[PDB]
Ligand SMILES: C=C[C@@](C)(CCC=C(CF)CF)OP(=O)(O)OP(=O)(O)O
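In structure tokens, one chain follows: the form solved without the named molecule.
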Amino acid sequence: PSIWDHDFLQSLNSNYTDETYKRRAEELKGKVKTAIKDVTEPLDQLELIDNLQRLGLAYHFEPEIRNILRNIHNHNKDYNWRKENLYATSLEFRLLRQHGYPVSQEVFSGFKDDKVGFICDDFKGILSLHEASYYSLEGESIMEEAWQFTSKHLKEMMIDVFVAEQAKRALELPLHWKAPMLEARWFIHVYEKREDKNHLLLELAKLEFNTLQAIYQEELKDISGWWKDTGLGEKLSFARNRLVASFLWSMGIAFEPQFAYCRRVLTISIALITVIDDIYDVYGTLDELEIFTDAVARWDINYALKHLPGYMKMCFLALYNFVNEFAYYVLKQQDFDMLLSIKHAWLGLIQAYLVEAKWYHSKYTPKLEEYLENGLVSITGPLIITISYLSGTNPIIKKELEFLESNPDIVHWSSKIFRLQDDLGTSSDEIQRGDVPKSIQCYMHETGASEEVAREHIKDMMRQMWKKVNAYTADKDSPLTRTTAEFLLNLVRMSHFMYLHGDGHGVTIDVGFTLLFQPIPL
């Protein structure tokens, strides 16, 4: 139900678009850079980075964070550096692994007895180790045991008020699995409640948060009118207005001001997907679905208007012109012709939709692995990273695009996580209604596990697949740059985030409204 509709978006007029605030922000960045210089103790430097990242400010102080981490990496092999502080050792491990520096799981072996496992009673060190454990790689048995020990400890905390909340939040979403800006409002309030806070950092955080909101509202005004012009919400009564919801995804994929064009193409692509998804899952017959798939494969407006059912013509032509204008924009901007690539990615999505439609017609229930092979495409993972790269990169690198098109492993496993996480949003009523089988039902069918156990096993699979993704991310030799890989991971992070605050089983909050439309006072 679209409350935040076109007229609502056009009517907004945030004060923080103004030039005055933009001047105070520059003044504050300067003073913060100076205060950073006076932080010399390593643990204080690590906590500074952690604070910058969770306030949403880190993209403003990138060289300063790079410096701190480079210098801590130089020194962390010194003789008496390992200070046997579980919190400090875990914080350093997280941050260094987050930014691609090698650190061994062996930095934790001192906190662990071979017989009785991990020994620690300090909640602060347990919480930090728990966050660090999500940077594990495949086969790091210390990191796996660390997760087993910390998650067990944190579950028992909820059988002091801030301690319980921290444990609850880390159990439902570790820092590695959340994009920076999504936690920004919560952490800003934690931060200002601190005695030792830096007052200029906090004020910069509130100001940049409100500025970001204003920037997004302007984009939404423009995206909104474009969506109204296509009138899809009018010809098809099922084509609902999911514009704000789509923009929320696009902002989780790429929040920074410079990615405005990326957010625009992502938002419109996702809105079109929800319309197409409806046609393939619900309203179209198989023969119609077969014609639409072919029309996309041919990429031929004349054929499409000749052969498509009436109710599909506008949906097709809206996609067709949107993608062709997308290709035009990139041709004009940087002389790069990516039409074959983008239309290939859309075809792949649509072909995967068809497969699912044929399974449903035959009432076939595939085994999980066969479901996921197709479901990693149909969840739009491969399409979304291709869109994000083509719309978010100047200059587009041919070898990098070619790597994305070769179906690389980082995209394979990220999209599987995405698909599993989305499928966990299914409710028990539909699990027991039983018409269309997804991850949970395929797993139940294949193992005889109950729904409750199936969900738990599927959640564990996600944690294990993130171990592979962590390897591909630290691989300095892939064609994908770090910033390209962040688009992909932010997509996965956004599915983890929306499982908690979305439509389905993981949930009056409306975090979307809170992220986009509700400033932080002062």
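Just count from 1 along the sequence shown to find any residue number.
Missing here is the form deposited with the named molecule bound; even so, the following discussion is about that form.
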Original post:
in the deposited complex, which of the listed residues (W249, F111, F316, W413) lies with a heavy atom within 4.5 Å of the named molecule?
Top reply: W249
Original post:
Of the residues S439, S378, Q213, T230, which one places a heavy atom within 4.5 Å of the named molecule in the deposited complex?
Top reply: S378
Original post:
Even though the named molecule is not shown here, does it sit in the deposited complex so that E325, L331 and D337 each have a heavy atom within 4.5 Å?
Top reply: no
Original post:
Applying a 4.5 Å heavy atom distance criterion, does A146 contact the named molecule in the deposited complex?
Top reply: no
**OP:** Examine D277 and determine whether its closest non-hydrogen atom to the named molecule in the deposited complex is within 4.5 angstroms.
**Re:** yes
Original post:
With the partner left out of view, is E451 within 4.5 angstroms of the named molecule in the deposited complex by any non-hydrogen atom?
Top reply: no
**OP:** Please check if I384 has a heavy atom lying within 4.5 Å of any heavy atom of the named molecule in the deposited complex.
**Re:** yes
**OP:** Just one of 414-422, 442-450, 205-213, 180-188 has residues with a heavy atom within 4.5 Å of the named molecule in the deposited complex, so point it out.
**Re:** 414-422
Original post:
Heavy atom within 4.5 Å of the named molecule in the deposited complex: which residues of 258-294 qualify?
Top reply: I270, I273, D277, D281
